[PDB]
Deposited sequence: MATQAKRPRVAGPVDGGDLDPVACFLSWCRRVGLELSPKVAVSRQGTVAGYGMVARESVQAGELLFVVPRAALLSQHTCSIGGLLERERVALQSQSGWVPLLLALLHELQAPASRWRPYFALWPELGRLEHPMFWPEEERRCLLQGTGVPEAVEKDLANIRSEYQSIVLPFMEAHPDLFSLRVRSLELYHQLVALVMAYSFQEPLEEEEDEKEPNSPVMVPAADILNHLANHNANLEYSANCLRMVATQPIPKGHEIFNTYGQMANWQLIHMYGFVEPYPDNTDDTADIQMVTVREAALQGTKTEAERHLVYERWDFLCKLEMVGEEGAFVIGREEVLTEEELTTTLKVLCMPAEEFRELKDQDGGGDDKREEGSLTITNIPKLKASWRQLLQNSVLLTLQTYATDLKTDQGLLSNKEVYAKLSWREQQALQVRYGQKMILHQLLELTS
């Protein structure tokens, strides 16, 4: 209302140009602020432009010099500490150049990320989805960074970081904010740090989106990808995001069947386990491990990775195909490979039942094992979803979690049907 007008004046001040066809709004959006079409917009049409000088990053912030100098000491797994420090500084700086931009940020105490749920609820509602494991990894990293890197830096520079921002609670919130708002510019292999992009981060997300961002030398442009009728919300794409990633990083899910990009994971070692099951002799077991190490050699599998299965097609396509091939090939043929190019081809809803029986059997057994990692079967979740009055009675978190589990189990059951 007031903050929106103030933000738009700031836009004018920093050269951020919005098309007259778009409006920043809180009415009729899927969530909080969003952008709507004042007038019908056509595909290819420029929606807005953001000068690179208006981005908020470790480089444009007022302590960019100090941060760059100390880059080595600020390294971490995420690579997000300098941006986080940039944010913590600007937030406590009396004359921050981005104040009107911050004014549109969500209430930091009300973020919906599962990292903010009680651990029991998280573990209970999201078992098997990959979220609980990702979150505990996040919390571990956050913890080490804070005590060994961030807090000491802030304390080494009292003038640049006031007391009110030396807060673990705040640090957690800002990590979540970066996860859900920041943009990472593609390279061209030292990946670009994430940056905050004003205006662009007003747009909500859909798998079926109608806008996307383009990078240029001097600016970022948000452009329409489909026509957008008058009064309709303008949706960016945050990526090809499965529900488990949306809930983890953004604190929301798309209800079924909306998320055409949804996926399920089969752990790579679970396929190995399935292969071992069918073995009888300890000598058969080791040929399996032999096959496995050859696949690790080829960098097609790894002890900690997962194959990724989409609704219509496998995403980790060559990895899975190459694994199935190598695991099911005659012992003889495998000798000639360990001595003397990877496997091509797609794996889709239509292709999979035409694969060799042995590949299908291996895939089938790995899927059964994956489905066993969840607390309940598909039928239970399908029951909660089919009856809308029962669904409506679940808490918000339970609804979100059910959508993650359901999306994943449906994909896995589809694959179960396809592999007979």
Deposited-sequence stretches lacking C-alpha coordinates, listed in sequence order: 1-18, 207-211, 364-369
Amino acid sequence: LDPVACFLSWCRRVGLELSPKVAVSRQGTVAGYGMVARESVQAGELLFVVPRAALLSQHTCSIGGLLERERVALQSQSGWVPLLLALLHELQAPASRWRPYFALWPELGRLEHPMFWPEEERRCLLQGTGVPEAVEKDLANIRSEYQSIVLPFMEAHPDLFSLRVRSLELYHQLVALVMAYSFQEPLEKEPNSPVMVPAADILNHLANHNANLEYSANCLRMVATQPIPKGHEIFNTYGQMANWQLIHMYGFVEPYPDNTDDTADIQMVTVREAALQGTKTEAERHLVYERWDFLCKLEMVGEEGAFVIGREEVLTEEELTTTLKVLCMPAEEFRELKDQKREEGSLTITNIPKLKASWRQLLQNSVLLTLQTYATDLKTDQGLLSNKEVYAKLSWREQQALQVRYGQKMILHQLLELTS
From here on, numbers count along this sequence of modelled residues.
Take the C-alpha B-factors listed in the entry for 279-287 and for 224-232, compute each mean, and give the stretch with the larger one. 279-287
Please work out which of 363-371 and 57-65 has the higher mean CA B-factor as recorded in the PDB entry. 57-65
Among the candidates 88, 268, 73, 207, give the one with the maximum CA B-factor reported in the record. 73
Among the candidates 136, 317, 121, 254, give the one with the maximum CA B-factor reported in the record. 317
In terms of its chain's C-alpha B-factors, the third that includes residue 162 is the highest
Please rank the C-alpha B-factors of the chain's modelled residues and tell me whether residue 1 sits in the lowest, middle or highest third. highest
Pull the Cα B-factor of residue 181 out of the PDB entry and bin it into the chain's lowest, middle or highest third. lowest
Which third of the chain holds residue 324 when residues are ordered by C-alpha B factor: lowest, middle or highest? highest
Ordered by C-alpha B-factor within the chain, which third holds residue 94? Give me lowest, middle or highest, please. highest
